[PDB]
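S.K.: can you look at this? It's an experimental structure, sequence on top.
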Amino acid sequence: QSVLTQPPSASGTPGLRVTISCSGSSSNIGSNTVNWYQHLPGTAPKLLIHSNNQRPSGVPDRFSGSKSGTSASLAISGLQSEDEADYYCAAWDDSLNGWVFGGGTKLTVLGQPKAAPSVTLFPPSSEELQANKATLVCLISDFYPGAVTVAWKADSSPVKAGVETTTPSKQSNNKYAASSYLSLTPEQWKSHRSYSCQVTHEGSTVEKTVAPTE
Amino acid sequence: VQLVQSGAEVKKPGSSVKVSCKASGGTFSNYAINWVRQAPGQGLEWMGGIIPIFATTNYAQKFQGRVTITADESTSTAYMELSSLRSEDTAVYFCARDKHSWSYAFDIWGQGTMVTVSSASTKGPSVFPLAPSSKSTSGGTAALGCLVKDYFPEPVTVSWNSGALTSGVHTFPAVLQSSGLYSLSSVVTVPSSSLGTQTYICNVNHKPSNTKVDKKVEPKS
């Protein structure tokens, strides 16, 4: 666990304000300055605020920092979609004689329109079946918000065994993609009339069905 | 001044890894180099630091003599060595330079180095064609692709028709299976009218296993 406490999530409206808090103790925030970093996994963290409230050159005046007692806060005004990222506070800790980071806060900017997932389901290839395996591939794309649940069916019966699903990943167009794989034996594949992949997003379901080729 | 880190590492549990960080267009001067990691779905975690000119080091208590940080002033390169690797050590490792006038803030960061710790062994993928199927009948569109199955470690690259086909290509992030192996799929959205005449070949490269595979994707028959 992180020695500085931050809320795991925060959300704000485009053009408005959001505040991200950081709570510490007398040995860290109570005695030392606080720095803030913005991070998008896949790129290095970027310094936003140093020495409690100083902006490095290139950081817009929309970002401000403050410190009071054993707590610090980052305020973001005129929220832009580009501000969606993880925000971390950090301070030197005198008792540990080292740096401490907060657990980070994931900031969501509430502007974005909802988008239903596009679903493609592929049956096993004849080549894979000849190799004594059978993989059904369910590809899910262009959905927003970035969360889906996947349900597989053998004819009409639910199937939980042999299912591997990815976490959603942000696409170039800021919508999300995910995929789900169902591993079967050639016997199980050939024994049913069909298999289906059911994707549920914001309560609404999109289904695709595939069947063996005789 | 930029910080350039060494490439991705793939290690077995119990082994040791050494990551480098080279100052480019500058030196370490009297600044410190700090090491910070981020495990998947976790926050930033400080590991330790060094002030190269004074040879003083500081380490995070949670790493009890597992981390060693060193530097050589001659080539302006700092190193982090993490021993007795465990699955929990899989993470991106960053180096960063501190700035004393900015209350020791980390103003310059390296690009990061991915370290994967796994009991899996290198394996080239099995590539299977995904025969064209209807996508939109009204739009006259079809989806076809390739399944890149059971490989280790990441990454793989997929191209179509030796890079001549880019429009409508979507290569999905890989799934990491309970087996310890990865699988991904690459799908192309094409016109259904072209299927009887246009050739579709997926080219799969897996440099860690020195594997290069081509797979023709033809209409179902």
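M.R.: Received, thanks. Residues are numbered from 1 along each chain as shown, chains lettered A, B, ... in the order given.

S.K.: element containing residue A:187, please.
M.R.: helix A:186-191 (DSSP states H and E).

S.K.: let me fix that: residue A:27
M.R.: Here residue A:27 sits in a region with no helix or strand, counting by DSSP H and E.

S.K.: show me the domain layout of chain B.
M.R.: Chain B breaks down by curated CATH domains into domains covering B:1-119, B:120-221.

S.K.: residue B:31 contacts residue B:96, doesn't it?
M.R.: No - between residue B:31 and residue B:96 there is no contact under C-beta atoms under 8 Å: 10.1 Å. Bear in mind the C-beta positions are built from the backbone N, C-alpha and C, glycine included.

S.K.: for the residue of chain B most remote from its centre, give me phi and psi.
M.R.: Relative to the centre of chain B, the most outlying C-alpha is that of residue B:138, 39.7 Å out, by C-alpha atoms, centre = their mean. With angles defined as degrees, to the nearest 10, residue B:138 shows backbone torsions of phi -60, psi -40.

S.K.: any idea how far it lies from residue A:116?
M.R.: According to C-beta to C-beta, to the nearest Å, residue B:138 and residue A:116 sit 17 Å apart.

S.K.: with residue B:43 instead?
M.R.: Taking C-beta to C-beta, one finds residue B:43 at 32 Å from residue A:116.

S.K.: more crowded one of these two?
M.R.: Ranked by neighbour count (other C-beta atoms under 10 Å in any protein chain shown), residue B:43 and residue A:116 place residue B:43 first, with 19 against 13.

S.K.: list the contacts for the residue nearest to the more buried one when sequence neighbours are not counted?
M.R.: Distances taken as C-beta to C-beta, 6 or more residues apart in numbering or on different chains place residue A:104 nearest to residue B:43, at 4.1 Å, with adjacent residues excluded. Applying C-beta atoms under 8 Å, 6 or more residues apart in numbering or on different chains, we find residue A:104 in contact with A:2, A:6, A:8, A:39, A:86-88, B:43-44.

S.K.: okay, now residue A:136: neighbour count?
M.R.: Neighbours of residue A:136 under the rule other C-beta under 10 Å: 23.

S.K.: for it, list each beta-bridge partner.
M.R.: Bridge pairing for residue A:136 (DSSP bridges) gives the partners residue A:182.

S.K.: need the contact list for it.
M.R.: A:121-124, A:152, A:181-182, A:184, A:195, A:197, A:210.

S.K.: show me where chain A has helices.
M.R.: Listed in chain order, the helices of chain A (DSSP state H) span A:126-130, A:186-191.

S.K.: could you dump the ones you listed to CSV with mean neighbour count and distance to residue B:108?
M.R.: Listed next are those as CSV, based on neighbours: other C-beta atoms under 10 Å in any protein chain shown; distance: least, C-beta to C-beta, whole Å:
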stretch, mean neighbour count, distance to residue B:108
helix A:126-130, 15, 48
helix A:186-191, 15, 54
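
S.K.: let me know which of those is the nearest to chain B.
M.R.: Among these, helix A:126-130 comes nearest to chain B, with 4.7 Å by C-beta to the nearest C-beta.

S.K.: residues in contact with the closest one?
M.R.: Counting by C-beta under 8 Å, 6+ apart, A:134-135, A:186, A:189, A:213, B:126, B:128-129, B:147, B:149 sit against helix A:126-130.

S.K.: surely residue B:162 is in a helix?
M.R.: Yes - secondary structure of residue B:162 (DSSP: H, G, I helix; E, B strand; the rest coil): part of a helix.

S.K.: okay, now it: neighbour count?
M.R.: With other C-beta under 10 Å as criterion, residue B:162 counts 9.
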